[PDB]
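Report on one structure; see the data block that follows.
Counting neighbours? That spans all protein chains shown, and the Cβs are built from the backbone with ideal geometry, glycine included. Derivation of every value follows stated rules applied to the coordinates shown; laboratory data play no part.
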Amino acid sequence: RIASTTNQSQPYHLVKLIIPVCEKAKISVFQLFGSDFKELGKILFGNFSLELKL
DNA sequence: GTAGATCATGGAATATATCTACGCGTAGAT
């Protein structure tokens, strides 16, 4: 939330923020930076067993 | 003859980006 409230052009701390975030999301860094928004959303919804569909 | 014992005698608010001072590791010269 802080990273999304601060200026978006500001870089994010890799090991401090992104790697733990994708870790808790059960998502590889490759999947996060490579897949499009549709695939990422579908995989996130399946990972947390949500019923959403983007 | 007298004192003691005995007997009679009795109705109904938190995290984070930013600014600043300091030691200092390394760069530069020879």
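Filtering the stretch A:1-23 to residues that are closer than 20 Å to A:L54 by Cβ and within 16 Å of DNA strand B (Cβ to nearest atom) leaves A:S4, A:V21. Filtered by the rule that a residue be under 22 Å from A:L14 (Cβ atoms), without any contact (Cβ under 8 Å) to a residue 12 or more places away in the chain and among the polar types (S, T, N, Q), the stretch A:24-54 gives A:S28, A:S35.
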